[PDB]
Amino acid sequence: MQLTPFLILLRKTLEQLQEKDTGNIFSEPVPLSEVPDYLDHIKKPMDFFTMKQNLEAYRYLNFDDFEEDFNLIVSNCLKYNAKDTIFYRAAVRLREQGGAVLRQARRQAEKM
Ligand SMILES: Cc1cc(O)cc2c1C(=O)CO2
């Protein structure tokens, strides 16, 4: 496929995923100065701003690599936070609502 339409699709998909994060709790990196023990548990932090930078740096050339980093946003949050927290539930909700966005977007990628 052609790179330009694929990146346009990823930009739109990333915007749709960010729309499901209504609190914007995943918009920027987990602030390591405010969460000092975060890297003790989390091997690869991820967030939507970093994803946008990766997208524009041409680091997502297939849908799976894009989806892998989205999945890191979710899985890091499920790992770090206790189940009874808003953060944990927000990641579950993002997993659910984002899964539908990703399935539709991947179908569009496959038609390229
Ligand atoms: C996602 C997230 C955002 C933030 O601003 C602070 C955080 C988390 C955690 O997962 C724990 O601390």
# chains A, B, ... in the order shown; residues from 1 in each chain; ligands from 1
>>> residues_near_ligand(ligand="ligand 1", cutoff="12 Å", atoms="only C-alpha atoms and all ligand atoms", output="PyMOL selection string")
chain A and resi 21+23-39+41-42+45-48+72-83+85-91+94
>>> closest_residue(among="A:54, A:49, A:16, A:9", to="residue 100 in chain A", atoms="only C-alpha atoms")
A:16
>>> atom_distance(atom1="CA of residue 112 in chain A", atom2="CA of residue 1 in chain A")
5.7 Å
>>> select_by_dssp(residues="chain A", states="alpha helix (DSSP H)", output="number ranges by chain")
A: 3-20, 38-41, 48-56, 63-80, 86-110
>>> closest_residue(among="A:10, A:71, A:84, A:40", to="residue 52 in chain A", atoms="only C-alpha atoms")
A:10
>>> atom_distance(atom1="CA of residue 5 in chain A", atom2="CA of residue 93 in chain A")
28.8 Å
>>> decode(residues="range 67-108 of chain A", atoms="N, CA and C atoms", output="PDB file, in the first residue's frame")
ATOM      1  N   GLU A  67      -1.469  -0.785  16.992  1.00  0.00           N
ATOM      2  CA  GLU A  67      -2.342  -1.402  17.981  1.00  0.00           C
ATOM      3  C   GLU A  67      -1.557  -1.899  19.190  1.00  0.00           C
ATOM      4  N   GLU A  68      -0.321  -2.359  18.982  1.00  0.00           N
ATOM      5  CA  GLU A  68       0.506  -2.812  20.100  1.00  0.00           C
ATOM      6  C   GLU A  68       0.754  -1.686  21.099  1.00  0.00           C
ATOM      7  N   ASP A  69       1.000  -0.471  20.613  1.00  0.00           N
ATOM      8  CA  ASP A  69       1.256   0.622  21.541  1.00  0.00           C
ATOM      9  C   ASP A  69      -0.029   1.067  22.228  1.00  0.00           C
ATOM     10  N   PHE A  70      -1.158   1.030  21.518  1.00  0.00           N
ATOM     11  CA  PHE A  70      -2.423   1.286  22.187  1.00  0.00           C
ATOM     12  C   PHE A  70      -2.645   0.264  23.284  1.00  0.00           C
ATOM     13  N   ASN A  71      -2.372  -1.006  22.984  1.00  0.00           N
ATOM     14  CA  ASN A  71      -2.568  -2.040  23.988  1.00  0.00           C
ATOM     15  C   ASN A  71      -1.670  -1.822  25.191  1.00  0.00           C
ATOM     16  N   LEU A  72      -0.485  -1.226  24.982  1.00  0.00           N
ATOM     17  CA  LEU A  72       0.393  -0.904  26.105  1.00  0.00           C
ATOM     18  C   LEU A  72      -0.240   0.146  27.011  1.00  0.00           C
ATOM     19  N   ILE A  73      -0.889   1.159  26.427  1.00  0.00           N
ATOM     20  CA  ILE A  73      -1.595   2.145  27.251  1.00  0.00           C
ATOM     21  C   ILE A  73      -2.540   1.438  28.211  1.00  0.00           C
ATOM     22  N   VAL A  74      -3.336   0.512  27.673  1.00  0.00           N
ATOM     23  CA  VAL A  74      -4.309  -0.223  28.471  1.00  0.00           C
ATOM     24  C   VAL A  74      -3.608  -1.130  29.476  1.00  0.00           C
ATOM     25  N   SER A  75      -2.709  -1.997  28.989  1.00  0.00           N
ATOM     26  CA  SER A  75      -2.136  -3.017  29.861  1.00  0.00           C
ATOM     27  C   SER A  75      -1.265  -2.402  30.955  1.00  0.00           C
ATOM     28  N   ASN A  76      -0.539  -1.323  30.649  1.00  0.00           N
ATOM     29  CA  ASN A  76       0.257  -0.686  31.699  1.00  0.00           C
ATOM     30  C   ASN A  76      -0.641  -0.223  32.824  1.00  0.00           C
ATOM     31  N   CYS A  77      -1.786   0.354  32.464  1.00  0.00           N
ATOM     32  CA  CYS A  77      -2.709   0.893  33.458  1.00  0.00           C
ATOM     33  C   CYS A  77      -3.354  -0.220  34.283  1.00  0.00           C
ATOM     34  N   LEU A  78      -3.743  -1.317  33.634  1.00  0.00           N
ATOM     35  CA  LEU A  78      -4.286  -2.456  34.373  1.00  0.00           C
ATOM     36  C   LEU A  78      -3.249  -3.036  35.324  1.00  0.00           C
ATOM     37  N   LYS A  79      -1.985  -3.082  34.889  1.00  0.00           N
ATOM     38  CA  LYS A  79      -0.926  -3.631  35.732  1.00  0.00           C
ATOM     39  C   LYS A  79      -0.648  -2.744  36.940  1.00  0.00           C
ATOM     40  N   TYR A  80      -0.504  -1.433  36.720  1.00  0.00           N
ATOM     41  CA  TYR A  80      -0.005  -0.565  37.784  1.00  0.00           C
ATOM     42  C   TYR A  80      -1.049  -0.302  38.862  1.00  0.00           C
ATOM     43  N   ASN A  81      -2.321  -0.218  38.482  1.00  0.00           N
ATOM     44  CA  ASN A  81      -3.368   0.285  39.356  1.00  0.00           C
ATOM     45  C   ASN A  81      -4.228  -0.840  39.895  1.00  0.00           C
ATOM     46  N   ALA A  82      -4.683  -0.665  41.131  1.00  0.00           N
ATOM     47  CA  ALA A  82      -5.551  -1.656  41.748  1.00  0.00           C
ATOM     48  C   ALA A  82      -6.906  -1.678  41.058  1.00  0.00           C
ATOM     49  N   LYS A  83      -7.571  -2.831  41.138  1.00  0.00           N
ATOM     50  CA  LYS A  83      -8.826  -3.007  40.421  1.00  0.00           C
ATOM     51  C   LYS A  83      -9.903  -2.056  40.895  1.00  0.00           C
ATOM     52  N   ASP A  84      -9.830  -1.574  42.132  1.00  0.00           N
ATOM     53  CA  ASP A  84     -10.893  -0.733  42.647  1.00  0.00           C
ATOM     54  C   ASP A  84     -10.660   0.744  42.367  1.00  0.00           C
ATOM     55  N   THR A  85      -9.755   1.081  41.451  1.00  0.00           N
ATOM     56  CA  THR A  85      -9.461   2.471  41.141  1.00  0.00           C
ATOM     57  C   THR A  85     -10.182   2.897  39.879  1.00  0.00           C
ATOM     58  N   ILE A  86     -10.418   4.205  39.776  1.00  0.00           N
ATOM     59  CA  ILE A  86     -10.959   4.739  38.534  1.00  0.00           C
ATOM     60  C   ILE A  86     -10.002   4.479  37.375  1.00  0.00           C
ATOM     61  N   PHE A  87      -8.688   4.591  37.615  1.00  0.00           N
ATOM     62  CA  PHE A  87      -7.716   4.360  36.544  1.00  0.00           C
ATOM     63  C   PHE A  87      -7.859   2.962  35.956  1.00  0.00           C
ATOM     64  N   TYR A  88      -7.937   1.943  36.815  1.00  0.00           N
ATOM     65  CA  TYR A  88      -8.079   0.588  36.302  1.00  0.00           C
ATOM     66  C   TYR A  88      -9.348   0.457  35.468  1.00  0.00           C
ATOM     67  N   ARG A  89     -10.477   0.970  35.977  1.00  0.00           N
ATOM     68  CA  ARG A  89     -11.718   0.854  35.221  1.00  0.00           C
ATOM     69  C   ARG A  89     -11.650   1.649  33.926  1.00  0.00           C
ATOM     70  N   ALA A  90     -10.970   2.799  33.951  1.00  0.00           N
ATOM     71  CA  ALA A  90     -10.817   3.592  32.733  1.00  0.00           C
ATOM     72  C   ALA A  90     -10.073   2.811  31.668  1.00  0.00           C
ATOM     73  N   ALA A  91      -9.068   2.020  32.075  1.00  0.00           N
ATOM     74  CA  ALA A  91      -8.354   1.203  31.098  1.00  0.00           C
ATOM     75  C   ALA A  91      -9.239   0.083  30.554  1.00  0.00           C
ATOM     76  N   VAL A  92     -10.059  -0.538  31.404  1.00  0.00           N
ATOM     77  CA  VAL A  92     -10.997  -1.550  30.917  1.00  0.00           C
ATOM     78  C   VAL A  92     -11.939  -0.934  29.896  1.00  0.00           C
ATOM     79  N   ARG A  93     -12.470   0.242  30.219  1.00  0.00           N
ATOM     80  CA  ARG A  93     -13.412   0.891  29.311  1.00  0.00           C
ATOM     81  C   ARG A  93     -12.732   1.261  28.008  1.00  0.00           C
ATOM     82  N   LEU A  94     -11.499   1.759  28.098  1.00  0.00           N
ATOM     83  CA  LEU A  94     -10.755   2.099  26.893  1.00  0.00           C
ATOM     84  C   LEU A  94     -10.471   0.857  26.066  1.00  0.00           C
ATOM     85  N   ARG A  95     -10.147  -0.258  26.730  1.00  0.00           N
ATOM     86  CA  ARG A  95      -9.947  -1.511  26.002  1.00  0.00           C
ATOM     87  C   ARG A  95     -11.193  -1.882  25.222  1.00  0.00           C
ATOM     88  N   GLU A  96     -12.352  -1.778  25.875  1.00  0.00           N
ATOM     89  CA  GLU A  96     -13.614  -2.170  25.244  1.00  0.00           C
ATOM     90  C   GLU A  96     -13.975  -1.221  24.117  1.00  0.00           C
ATOM     91  N   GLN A  97     -14.010   0.068  24.417  1.00  0.00           N
ATOM     92  CA  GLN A  97     -14.442   1.034  23.415  1.00  0.00           C
ATOM     93  C   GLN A  97     -13.411   1.181  22.308  1.00  0.00           C
ATOM     94  N   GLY A  98     -12.126   1.089  22.651  1.00  0.00           N
ATOM     95  CA  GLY A  98     -11.084   1.178  21.642  1.00  0.00           C
ATOM     96  C   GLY A  98     -11.022  -0.035  20.744  1.00  0.00           C
ATOM     97  N   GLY A  99     -11.357  -1.212  21.278  1.00  0.00           N
ATOM     98  CA  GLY A  99     -11.337  -2.413  20.455  1.00  0.00           C
ATOM     99  C   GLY A  99     -12.229  -2.289  19.234  1.00  0.00           C
ATOM    100  N   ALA A 100     -13.406  -1.692  19.409  1.00  0.00           N
ATOM    101  CA  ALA A 100     -14.306  -1.490  18.287  1.00  0.00           C
ATOM    102  C   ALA A 100     -13.729  -0.491  17.286  1.00  0.00           C
ATOM    103  N   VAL A 101     -13.101   0.578  17.779  1.00  0.00           N
ATOM    104  CA  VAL A 101     -12.499   1.562  16.879  1.00  0.00           C
ATOM    105  C   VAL A 101     -11.405   0.911  16.051  1.00  0.00           C
ATOM    106  N   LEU A 102     -10.617   0.055  16.694  1.00  0.00           N
ATOM    107  CA  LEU A 102      -9.477  -0.562  16.024  1.00  0.00           C
ATOM    108  C   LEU A 102      -9.926  -1.583  14.995  1.00  0.00           C
ATOM    109  N   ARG A 103     -10.990  -2.332  15.296  1.00  0.00           N
ATOM    110  CA  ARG A 103     -11.475  -3.319  14.337  1.00  0.00           C
ATOM    111  C   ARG A 103     -11.941  -2.646  13.054  1.00  0.00           C
ATOM    112  N   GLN A 104     -12.684  -1.545  13.180  1.00  0.00           N
ATOM    113  CA  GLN A 104     -13.149  -0.831  11.996  1.00  0.00           C
ATOM    114  C   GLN A 104     -11.981  -0.210  11.245  1.00  0.00           C
ATOM    115  N   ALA A 105     -11.018   0.342  11.979  1.00  0.00           N
ATOM    116  CA  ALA A 105      -9.884   0.978  11.316  1.00  0.00           C
ATOM    117  C   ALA A 105      -9.012  -0.044  10.608  1.00  0.00           C
ATOM    118  N   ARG A 106      -8.836  -1.223  11.208  1.00  0.00           N
ATOM    119  CA  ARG A 106      -8.009  -2.250  10.582  1.00  0.00           C
ATOM    120  C   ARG A 106      -8.647  -2.755   9.300  1.00  0.00           C
ATOM    121  N   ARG A 107      -9.978  -2.835   9.279  1.00  0.00           N
ATOM    122  CA  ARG A 107     -10.671  -3.198   8.050  1.00  0.00           C
ATOM    123  C   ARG A 107     -10.371  -2.204   6.942  1.00  0.00           C
ATOM    124  N   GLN A 108     -10.360  -0.908   7.270  1.00  0.00           N
ATOM    125  CA  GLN A 108     -10.021   0.107   6.276  1.00  0.00           C
ATOM    126  C   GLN A 108      -8.584  -0.045   5.807  1.00  0.00           C
TER     127      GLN A 108
END
